[PDB]
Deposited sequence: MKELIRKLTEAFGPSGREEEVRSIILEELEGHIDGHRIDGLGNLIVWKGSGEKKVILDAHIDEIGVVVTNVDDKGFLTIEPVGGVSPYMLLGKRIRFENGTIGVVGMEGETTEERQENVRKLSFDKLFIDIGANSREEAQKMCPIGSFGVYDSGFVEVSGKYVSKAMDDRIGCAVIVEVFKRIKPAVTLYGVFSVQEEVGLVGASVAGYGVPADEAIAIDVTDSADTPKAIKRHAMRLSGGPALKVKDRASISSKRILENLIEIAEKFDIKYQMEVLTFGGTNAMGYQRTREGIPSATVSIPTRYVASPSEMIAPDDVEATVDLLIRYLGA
């Protein structure tokens, strides 16, 4: 499953331009789905099987990033965040744009003191991106205003661990894709690959259950609520104010996991019945998000036992 994860995490698809991720999902699903449609609202819906129960599995395909907002007369670009990206993750980083263009992130500051003051309280109007252009006009042909860029970071193996950009939520996408690749479904199985709605503001199909496959913070680094750990298994979410029928879903998955010796952890926080299953991830919103591949496999196991028979 390693190559599927590389391809998905490495895909270009910031909130706004996810279309290359949709192509990668579909080509990976070629031969494993009975059909696919992109519904009115930007969603790739795929399906397999014909059981009476209709189960949806949903992961979102957009990643955090940057959008170009101005260009200056020397060809330096002004950027603002897309999704929850911190400027501290951007100092000295390279950024990939849609056309292949690579840019370098720098920070303003006339004097040694002015630059240390800027890093103490860093803001996106003290950053710039350098794409090698010399003129406002040479830069606008390469990356015009409104262009999206992403971490120019790719997938690598650190010991057991898998590290890449955009584990949140390309790993959820990979879990769904690998379920469709392996499953003989006892249900009518939908795979829904959504775009997150921008924060200043329902599926195309009726189903009986929907299971969101997400990323959850793995709080097992230095100086760290009985929270989620890498290699603890998939994190089954305990949501307050869940319905009878949602709670039944959660109890199913638990029983499946115990019955089959599938490691899992229970995650407590501090209309179609729904559950949430999350992959524990270190360093969310950085260029080197980290997962344990045994949790990813544990998660595919659990969903195949639950939906496959």
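According to the record, no C-alpha positions are given for deposited positions 202-207, 231-232, 279-292, numbered from 1.
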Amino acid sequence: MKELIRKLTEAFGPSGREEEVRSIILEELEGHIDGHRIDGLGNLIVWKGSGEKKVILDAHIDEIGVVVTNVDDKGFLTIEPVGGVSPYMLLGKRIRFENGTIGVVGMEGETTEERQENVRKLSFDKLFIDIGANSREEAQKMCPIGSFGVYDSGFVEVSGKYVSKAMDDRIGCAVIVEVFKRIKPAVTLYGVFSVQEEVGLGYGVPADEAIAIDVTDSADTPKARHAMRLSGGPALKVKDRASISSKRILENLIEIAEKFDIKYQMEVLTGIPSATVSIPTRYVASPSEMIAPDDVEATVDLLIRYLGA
From here on, numbers count along this sequence of modelled residues.
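Mean C-alpha B-factor is higher over 98-106 than over the other stretch, the pair under comparison being 98-106 and 168-176.
Across the two stretches, 54-62 and 253-261, the PDB entry reports the greater mean Cα temperature factor for 253-261.
Out of 227, 192, 213, 236, the entry records its largest CA B-factor for 227. The maximum CA B-factor among the listed residues 199, 156, 183, 131, taken from the PDB record, is found at 199. The deposited CA B-factor of residue 138 belongs to the highest third of values across its chain. In this PDB entry, residue 303 carries a Cα temperature factor that places it within the lowest third of its chain's modelled residues. Annotation for residue 18: C-alpha temperature factor in the highest third relative to the rest of the modelled chain, per the entry. Split the chain's modelled residues into thirds by C-alpha temperature factor. Residue 74 is in the highest one. Ranked by Cα temperature factor within the chain, residue 223 sits in the highest third according to the deposited record.
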